[PDB]
């Protein structure tokens, strides 16, 4: 699509043909007038950078745009008060949606862990990072939960291996 090319051209400010980490950061809003989470940008870029330039070309940027737009849909679906910030109540709705069974008190930990703003509400950039991290911890857990009952038994050495495979 040619519309994607206009976005690419606007984001690719040095006109190198490759959008770097700083450039994608500048083209993204988190609705709080602070710079979009550098770690989130780092995650998104390395997720679509097939070569290793620390950036994306147009061919890969189409995947990046797909990815970011998908998150905007999901964020807004679970943004019911339309506050532009997912609250404790809504974060539960989001996770409960995807089949997570977690105690109310544990959502306090998730919010304190991902919210770079103090407000106890999660912005779009932090929300993406949060879910990416959560997905990875679930995938790892499932390797060790061989009977699918939400419990694992691990030795000290198996535990270290588990923690190190997070990267």
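Numbering follows the first chain given and starts at 1.
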| query | Would 154 to 162 or 12 to 20 have the larger average of its C-alpha temperature factors, as given in the entry? | reply | 12 to 20
| Once you work out the mean C-alpha B-factor for both 128 to 136 and 112 to 120 from the entry, which is higher? | 112 to 120
| Among modelled residues of the same chain, the CA temperature factor third for residue 69 | highest
| remark: residue 63: CA temperature factor from the record, placed by chain third, in the highest
